Amino acid sequence: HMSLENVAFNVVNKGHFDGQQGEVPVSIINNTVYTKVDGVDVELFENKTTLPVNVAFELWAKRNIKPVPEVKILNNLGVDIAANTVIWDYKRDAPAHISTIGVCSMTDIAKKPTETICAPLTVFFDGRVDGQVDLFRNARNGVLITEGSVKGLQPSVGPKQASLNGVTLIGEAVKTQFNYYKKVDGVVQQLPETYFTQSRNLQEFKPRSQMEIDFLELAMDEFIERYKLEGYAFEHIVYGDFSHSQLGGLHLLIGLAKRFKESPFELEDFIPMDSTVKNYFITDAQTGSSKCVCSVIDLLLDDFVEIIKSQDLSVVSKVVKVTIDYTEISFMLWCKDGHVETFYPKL
Amino acid sequence: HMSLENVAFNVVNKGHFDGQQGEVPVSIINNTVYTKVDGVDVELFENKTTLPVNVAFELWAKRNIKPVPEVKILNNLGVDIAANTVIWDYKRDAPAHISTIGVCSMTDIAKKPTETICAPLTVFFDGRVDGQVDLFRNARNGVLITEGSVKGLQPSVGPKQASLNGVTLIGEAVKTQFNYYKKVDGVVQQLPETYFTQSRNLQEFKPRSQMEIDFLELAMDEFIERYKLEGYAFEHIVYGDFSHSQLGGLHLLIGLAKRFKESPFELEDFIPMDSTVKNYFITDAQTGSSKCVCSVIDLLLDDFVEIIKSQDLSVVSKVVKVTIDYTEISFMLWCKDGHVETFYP
Amino acid sequence: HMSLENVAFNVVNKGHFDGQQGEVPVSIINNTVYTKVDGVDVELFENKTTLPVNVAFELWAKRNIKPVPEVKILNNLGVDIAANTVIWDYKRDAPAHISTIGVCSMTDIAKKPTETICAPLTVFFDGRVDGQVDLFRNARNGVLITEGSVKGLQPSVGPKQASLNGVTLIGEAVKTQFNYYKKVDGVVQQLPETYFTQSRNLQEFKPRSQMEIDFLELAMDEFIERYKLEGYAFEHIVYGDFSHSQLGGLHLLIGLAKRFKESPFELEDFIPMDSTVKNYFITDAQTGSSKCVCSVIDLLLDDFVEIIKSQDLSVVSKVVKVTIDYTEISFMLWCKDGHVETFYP
Amino acid sequence: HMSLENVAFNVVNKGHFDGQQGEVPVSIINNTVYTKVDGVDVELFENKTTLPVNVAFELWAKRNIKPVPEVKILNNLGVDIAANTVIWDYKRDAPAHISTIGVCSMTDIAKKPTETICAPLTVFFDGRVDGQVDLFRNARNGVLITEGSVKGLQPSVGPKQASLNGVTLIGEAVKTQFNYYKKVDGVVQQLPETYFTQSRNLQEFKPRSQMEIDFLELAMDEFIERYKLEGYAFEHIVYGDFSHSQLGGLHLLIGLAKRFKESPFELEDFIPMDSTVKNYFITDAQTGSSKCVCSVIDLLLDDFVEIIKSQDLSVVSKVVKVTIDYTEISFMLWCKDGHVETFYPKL
Amino acid sequence: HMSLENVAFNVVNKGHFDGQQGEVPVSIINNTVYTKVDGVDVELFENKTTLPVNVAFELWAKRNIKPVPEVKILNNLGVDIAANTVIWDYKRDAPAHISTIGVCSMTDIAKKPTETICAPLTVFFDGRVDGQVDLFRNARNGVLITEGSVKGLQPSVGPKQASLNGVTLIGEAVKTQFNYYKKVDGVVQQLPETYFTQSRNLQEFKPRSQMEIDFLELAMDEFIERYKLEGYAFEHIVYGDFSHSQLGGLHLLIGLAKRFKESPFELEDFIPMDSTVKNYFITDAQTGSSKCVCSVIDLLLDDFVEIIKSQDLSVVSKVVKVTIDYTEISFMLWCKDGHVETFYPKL
Ligand SMILES: CN(C)CCNc1nc2cc(O)ccc2c2c1C(=O)c1ccccc1-2
Ligand SMILES: CN(C)CCNc1nc2cc(O)ccc2c2c1C(=O)c1ccccc1-2
Ligand SMILES: CN(C)CCNc1nc2cc(O)ccc2c2c1C(=O)c1ccccc1-2
Ligand SMILES: CN(C)CCNc1nc2cc(O)ccc2c2c1C(=O)c1ccccc1-2
Ligand SMILES: CN(C)CCNc1nc2cc(O)ccc2c2c1C(=O)c1ccccc1-2
């Protein structure tokens, strides 16, 4: 007996859908779900999705509450749909996938991922759930995560971090680093060598290497000296140039983090979604320096240094391709007289 | 297991809530309830009430589908709430009463009408349902209908007509004339002698007496002659005067019906609810004669004639009170030289 | 003390805003205004405009309830705004003009039409209201209607019909034919000689000449013979050709009216507004003949005949300009071998 | 002349409804009330209630702007409705009570609390308003607060704190500790002995005893030693256990406060209302330890210690009842071998 | 080819409308504009205006992204409309002006400011845009800003600060101090001598003089001694009196800033718009002292001192007028025995 009232009962009593029997009184108004508690209405859910309020509510209640891959990873791997779960996208406050399998009568295209309607879709399978490894083996198109070895399959080791209830973290009490596998048209793929973004935020940025600690602590000139980064235009690319009306560079999150601690600025996230590369409209409050489209990526600084030090610097401009989060990211490299002028990603 | 999806299953399979088990998929968008049929969304309900969409839906699904009193009667008798049913008001496309008893978890103030929260409210009880006569006897404030006698309780014979799924009718396959009873502060009240309005509509108006047939068929002068209605200003009150920019008279539905057949006009129902007396903004399409507030009542013409012929006509202006549909309706009577000038509710 | 609650009190008690003091309880939900009557919510107004619900409500309550020019006339004369009234557009269920003068604190650009903000706008003035003729004289841009002469001002006699509470009519109890005047940049303009459209509707179409009676009663061939309309392609233009997948002709309302009586069809009014020329998507239910854009005008047939009989027919194709409802309507005239092929607005 | 426009005039000119004459222009759209200022629309109110926008607006404008009991107290005492005021619930952004008396034509069931429609309802009366003590004496069902003695009536001394415009505070410039009285079916009640919750928040938590200061300053083991709390499982119940995927314990706000200062975590308030016991879905960002339903109460630590030290510890599991904020709160006590395993409230 | 989809393409690709050709898929729901990215809907804009969602979206996309005068300045100067730009009001999240010129087919009253429909309106002209100085010269009613001299016209030097993408700042990489000019009925006006508000915020308040540094650092009594402010009731007006239920004084932002650092309080901005004088409902969390209408202005403290020291103190009460931000602000001055009692602005 699946129902709006039963979903609400679960949310009230268990914090999420947990398959318990029961009903509470519910009111729907203003894209909002309320329940009655002691004669008054209490908000349980505000719909921010493009689905009907009651459907969005159910999908949210049925969200995966274990560590799951960040949505940017799933997107980059071509995932269309999940087997028997909902990946909730906390960046969009909406389901990561528009359809479901065995979750919700209004969004389900199928009850089981083996139905032929699923064949053309890349289905996400979670090896931590009994039976899902086998379903991946039978699926035409799919992506699988596991915590350990799968007999016969070569793994790709994924990022250290995963999302738990919208908190991106590196697990200590729980495992967040998965093995990844992928199948296309019934054939297992070799996933490419890749860097991974670090998924940090501007304000509570934690360094993850000695070089990052050095970057944060040292002044610009000493850092560049120590790591012998002369000619790589770090002053521009990483630290940023706030001297002109158009803000120069500032393409690495760690650089934004450093600046923010010194002097606050505004970041407009004008396409608010999870992605490997983010585009921001930045206004520096101290100087008035601004830029409409500032491309930003959170690479470990050491990774960024490896990338820029692995390029030929003998041409004015060219596109540099880098596998990051399993996708091909295009960077523009501008050089002059054998040194870098700038280097930035394209979204 | 009451639920949105179960209510929808009942509506889809049984046409209304009928206590069947089952669920269908539902989508709610704005004020509309949809169900999925073969991959597409089909509208089941558009909310026109001031309640939440899913609540209004349930109340509508649980509406009484037997003949029930017209809402104007219930309102006139001071009914606040119904015991274990929903009276759906088809004039408002909304519940007649905002709260319920034993119907819906979101609107219920009680599960049974004996709870002390119900004591100050006038609860409607339906004697056709087992147990409800006894509940009326124990209730402090209430209105009861029955199809037959209740031992010891003095009845008031109600209107001939009732509402069945929003159709007002005089039943042949079903009974629509009830006995009425009322209690206030624990004490049974004597309901007053009353006329009843006829609940007809302008376009499909059916006469219900020889006098009404005569009114519709005969020209003004011969009708007035035959029923000896000289000096009662029927030409004004009933037929209406369309000769000036302000429309004169036209206070009886039958008069509106006659004119409508001859020449169409616009009626704006600017307070769209069920009531004994209705107010309309009328514009006559043929002449341009109009009036912002035209008070209209559907009395049997014979009843209207009895009322107006039972007045003293020796005073310029006077308020005349008449019990109709159990309520006191005030009429203004204007006279001059021993004849009526006008008479309107 | 202007207020939502006071507007509602007026609507409830007087049918429209009438400047009475008082308040009733009001609820606003989405785009609907409700008032509380005996414990329940009754709808007073559903907002179909692009204004805020409470503002649209007030403008509607303050609508002009006298005969006023049809909106198509006001639009054709370039009217931007009204002085101290609201012209309600019943075709759009919205105000004819987005701003007001001396009506409503939320929409007013001025309290009096003499304020300099009004100077660039063509302000509508109603000579039936004290002071408005004088305001027109002082206004830089304006349109004036009156029921009689204004000393020194050369009149244009307007259409016979006007709109009274959304009913287009030729007044008998009230005057609906106005004199018109217009000023541009401080200078009175000579309004052109014009035909007027008749503002009839498909279903309740009434002929207004012997020729129109003949058209409706006679078969095609005898009508054309009697009025000697050979070579003017009336069979195409007026009667319509339903023989092919694309519907031919059918550009006069009277022709639509005749066919509708014989055999129903669908008309999609895909730009639902008042205008001199209307465009419809027509599907003929009997034959399946259809046309996405069928241009239709309601001219008195006699006027249409005068127009088409006053053309030179020696050129293949030509634009014919005709003043109708004070605006220049372009017609395409297609000829071949000295006869008309088609003629449409 | 009560009206939408008059309410708006009061809000604009006086900050709340204050009975002044006047009108401003108002627009209603999008569950929002706007007023026109110099040719442009300014938002005055966004409706988050289940009432009509214009009605919610009026009730909010007519909210009590003196210190008033927290809603959890009023709820716990069975209050249904207030006499001649509106208690605004700032946790729900809505009226605490669905009906009114002498406030608003759309919500009023009565103009005076003596009308017989009020008899079955528990009416809240404020002794600081002239006449209300007498109205309580005549009422069948009611709750009364005063600042001082009422002849003949034994008081219950309420919490130190009250709510002033949604700020919970202990008054210095104003009195916030009331005497409470209650009547049921025309009979004055003896209110029970009760603990009170402290109504603090996680981030700006202020200790209110030496023991709380000690808890915040000292490390776990020294605190437990000093207050001789061995065997009471404080390490679990108060400090929390973040070592496993399921977060253990953490049922006292002060424990949450301590952890939060050390290491931030996410709290989902999935039933956002005022209540003595709160249920949160917690995700610890550092470890990945989480729990869907973590029951949390803000008792003075000394009170909590008194409660746990006043229990028999000789049974595996049982329900412990405690009067808090005038209501009976059920706790589960789990023991083993004469020591506590865990102890937590139920909502 | 102007269109919803083209506006969205510009927002996605350029961060704002920049005249680029292209279209993306768009969904409109819930006063919200979404675009489709890789099979899912991403929010681009939430309409908080009283305009249609798609129109508000376009105006926002076409907002001026250079430093522009704060809206309070434009309002104070009587500006009705802007020539060929949109001034976005970030305080209201809406256009500063209801109509446009040469911006948007749905809001335009004209394509060029020379059309006669514009004659009665005060049109804002930006001298940094080619041709606009000349348009001001031909306009009947207008306000002009420039960065430098205009031949023949005497300038008024405006505030140091301007708004850049909703960030009020004093430019270093960009110019934010403009020359102002104004025309009424075809005649150039002499703008009055004026003080300017400083446009700071409570939490990140930066002093801009030695006196302000002293105010923030020194205790009350020493500050008053040093600047010889005895008898001017600074203890009341600037510092505030929290000793009674009604909060006394506290009319200068710097005073609020000082208090806030010591002890947080609640400020309800009940008319949320840009204005020279702001009215707040204040509740002090520490004491419970409150006031429904607390008028607050951010004057440089030195300016405030000059103003109060330039008044006659020999009458009980009177209105003091002060030109601030080009408008006449009325203050009430209350005196007794030759000293100030209080002094506060009226909104
Ligand atoms: C264990 N280490 C490898 C990294 C620990 N270092 C830091 N952790 C932080 C954690 C935070 O939540 C915020 C700032 C932090 C900072 C460091 C630094 O080394 C550092 C240097 C300069 C500014 C901030 C931090
Ligand atoms: C049993 N009789 C007393 C009523 C039968 N007479 C009529 N029935 C009608 C039923 C309809 O559905 C519509 C019009 C009706 C009319 C009569 C009339 O006698 C009469 C006279 C003039 C106009 C209409 C009707
Ligand atoms: C005063 N006369 C010029 C007009 C009277 N003639 C008609 N009046 C009608 C009034 C209606 O409400 C509906 C149809 C009508 C028709 C006529 C006709 O002559 C005629 C011919 C063919 C069809 C309908 C009508
Ligand atoms: C007057 N005393 C009884 C209590 C004063 N002590 C504290 N007040 C605080 C007020 C705040 O707004 C935030 C943290 C506070 C803290 C104390 C502590 O003693 C303490 C110890 C460890 C961390 C925070 C605080
Ligand atoms: C360059 N000087 C003229 C001003 C620099 N002084 C300050 N800047 C601040 C910038 C901030 O973002 C926040 C607080 C600040 C404070 C000062 C002070 O002098 C001061 C004194 C007491 C409290 C805060 C500040």
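Chain naming here is simple, since letters A, B, ... match the order of the sequence lines and numbering starts at 1 in each.
Around CD of C:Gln20, the count of heavy atoms belonging to other residues, nucleotides or ligands within 6.0 Å exceeds 12. Remark: B:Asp185 CG is packed, more than 12 non-hydrogen atoms of other residues, nucleotides or ligands lying under 6.0 Å away. Within 6.0 Å of CD on B:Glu262 lie more than 12 heavy atoms contributed by other residues, nucleotides or ligands.
The line from CD1 of B:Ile271 to OG1 of C:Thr35 is 8.5 Å long, rounded to the nearest 0.5 Å. Distance OG/B:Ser290 to NZ/C:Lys66: 7.0 Å, rounded to 0.5 Å. The CZ atom of B:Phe242 sits 12.0 Å away from the CD atom of C:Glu172 when rounded to the nearest 0.5 Å. Distance check, rounded to the nearest 0.5 Å: CD of C:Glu43 to OG1 of B:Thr50 gives 11.0 Å. Note: C:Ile65 CD1 to B:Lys291 NZ = 13.0 Å, rounded to the nearest 0.5 Å. Rounding to the nearest 0.5 angstrom, the gap separating the CG atom in B:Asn76 from the CG atom in C:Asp38 is 8.5 Å.
In terms of heavy-atom proximity, B:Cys292 sits nearest to C:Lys14 at CB-O, 3.3 Å. For the pair B:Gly288 and C:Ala173, the tightest heavy-atom approach, listed with the atom from each and the gap, is C-CB, 4.5 Å.
Both the backbone and the side chain of B:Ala285 come within contact range of chain C, each with at least one heavy atom under 4.5 Å from a heavy atom of that chain. With a 4.5 Å cut-off on non-hydrogen atoms, C:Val167 touches chain B through its side chain but not through its backbone. Only the side chain of B:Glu268 comes within contact range of chain C, with heavy atoms under 4.5 Å apart. For B:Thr49, the part lying near chain C is the backbone, with the side chain staying farther off; criterion is any non-hydrogen pair under 4.5 Å. Heavy atoms closer than 4.5 Å to chain C are found in the side chain of B:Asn31, but not in its backbone. For C:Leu164, the parts sitting under 4.5 Å from any heavy atom of chain B are the backbone and the side chain alike. Interface remark: C:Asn30 contributes side-chain atoms only to the contact with chain B (heavy atom separation under 4.5 Å). Residue B:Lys48 touches chain C through both its backbone and its side chain, counting heavy-atom pairs closer than 4.5 Å.
You'll find the side chain of B:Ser289 stays beyond 4.5 Å of the side chain of C:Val174, heavy atoms only. Side-chain contact between C:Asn165 and B:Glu266: absent, with no pair of heavy atoms (C-beta onward) separated by less than 4.5 Å.
Heavy-atom pairs under 4.5 Å with chain B peak, among C:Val42, C:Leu44, C:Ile29, C:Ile170, at C:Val42.
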Check your understanding: Between B:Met273 and C:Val37, does a side-chain contact (heavy atoms from CB on, under 4.5 Å) hold up when you go through it step by step?
Key -> CA-CA 9 Å; B:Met273 61 181 291; C:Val37 186; 3.7 Å; yes
